[PDB]
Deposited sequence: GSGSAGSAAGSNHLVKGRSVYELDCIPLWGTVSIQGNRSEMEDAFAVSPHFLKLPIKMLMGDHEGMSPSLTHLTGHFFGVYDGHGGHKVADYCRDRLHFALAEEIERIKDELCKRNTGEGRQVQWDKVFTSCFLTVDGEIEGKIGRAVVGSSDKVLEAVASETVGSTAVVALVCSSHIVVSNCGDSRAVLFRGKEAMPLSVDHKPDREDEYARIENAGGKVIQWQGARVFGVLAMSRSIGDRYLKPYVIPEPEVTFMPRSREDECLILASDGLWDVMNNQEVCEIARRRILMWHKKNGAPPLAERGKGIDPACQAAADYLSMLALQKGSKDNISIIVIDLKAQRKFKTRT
C-alpha cells in the first residue's frame, strides 16, 4: 500500500552565513532524483522502483571547497553506487546493503577530493579538490514512501519527530564519544581536551570528508540508519551545528511542527498540482523560524536547515 504509490516531497530550506566571515556550509536537495529497486526497501504489491528524494547538509571547515564539492557531487556519486549494486542482481539484509552503498559513496567522494580517484573537469582527470586541512561534515537523507535512510559523517545531524517524542537518526561523531575515542586511541592517534575534545588538539570531530592530514584517524566511513516510515511520523529535520549548538532535539521538532501547522491553519493546504515541484511553504516557514530562533539564541555559526514534512495531509 505504501509500496505502490510514490510520495510527494514536502520540504523547505535555509542556508545562511550568520556571523561568520565565510559561508562554508552547503546543502543539496534533489527531489525525484533516483529510483530505488523495491527489493532494497521491501525484502526478498508491485512497483519495481520507489522514487527517492535526496537531501544533504554539508558543514565545511578549513575552507569551502569540500562542502561545495559534496553539494555538487555526492548525490551523483550515490546514484552511481546504486547502479553498481545492480551487480547484486545475481548473488545480506537491507541495513547491510545501504550501509554498503553509502560507505562506497562517501569513500568515493573522499578519494575524488584527495586526487586518488578520477573525476570530471571542463578527460577523467586526477586532481585534488582542496588542501589537505580542509574538510566537511555530511548528513544525507533519502526519503521514499516506505523508508528514510540517513547516512551521517561528522557533527551535523538528522532528527525524526515520531508522534510526540523526537528521535535522532544520527549520533554526532565527536571525539569524546565512547567508541570513537576508543577507535582513535587504539589506532595510535591522540584525542586532546582543548576548547572541547579534539583529534590531535585540532578537529572537533572523529569523522568527516576530506582532512587528508588527519587520516586514517579521521575517517569518512558513515553511520547509516535504515528507518521504516510510520503513520505517526510528523517531520524530518537536517541541520548543521549552527542550529544544534543552541537548541535541543525535542524543542526543534516541536517548534517545527507548530509552525507547519500554524501555516496550514492560517492558509490551508495548497492544491496537489503545485506540491513537490518546489519548496513547501509550511516547511519553509518552520525552517525560516528555527533559523531566526537560532540567531537570537546566540548562534554565531553558519546555519543550514532542511525541514521535511512527512504527513500525508493536515486538516
{"item": "Chain regions without C-alpha coordinates, deposited sequence numbering", "value": "1 to 18, 63 to 67, 115 to 118, 150 to 152, 346 to 350"}
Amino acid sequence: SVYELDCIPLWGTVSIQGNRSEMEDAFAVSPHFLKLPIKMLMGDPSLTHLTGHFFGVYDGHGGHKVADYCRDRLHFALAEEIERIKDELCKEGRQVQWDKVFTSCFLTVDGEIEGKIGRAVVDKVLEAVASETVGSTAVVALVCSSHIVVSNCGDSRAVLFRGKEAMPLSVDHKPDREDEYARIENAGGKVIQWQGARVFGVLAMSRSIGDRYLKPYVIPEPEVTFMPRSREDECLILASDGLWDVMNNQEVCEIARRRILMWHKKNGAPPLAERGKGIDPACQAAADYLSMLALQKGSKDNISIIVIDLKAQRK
From here on, numbers count along this sequence of modelled residues.
| item | value |
| --- | --- |
| Of 269 to 277 and 61 to 69, the one with larger mean CA B-factor | 269 to 277 |
| Entry-level comparison of average CA B-factors, 113 to 121 and 181 to 189, reporting the higher stretch | 113 to 121 |
| Candidate set 212, 157, 84, 207 [ranked by C-alpha B-factor, highest] | 84 |
| Among 261, 26, 290, 36 - the residue whose C-alpha B-factor is largest in the record | 261 |
| Within-chain third of residue 166 by Cα B-factor, per the entry | highest |
| Entry-reported Cα temperature factor of residue 30, expressed as the chain third it lands in | lowest |
| Within-chain third of residue 230 by Cα B-factor, per the entry | highest |
| Third of the chain, ranked by Cα B-factor, where residue 241 sits | lowest |
| Residue 172 - Cα temperature factor, lowest/middle/highest third of chain | lowest |
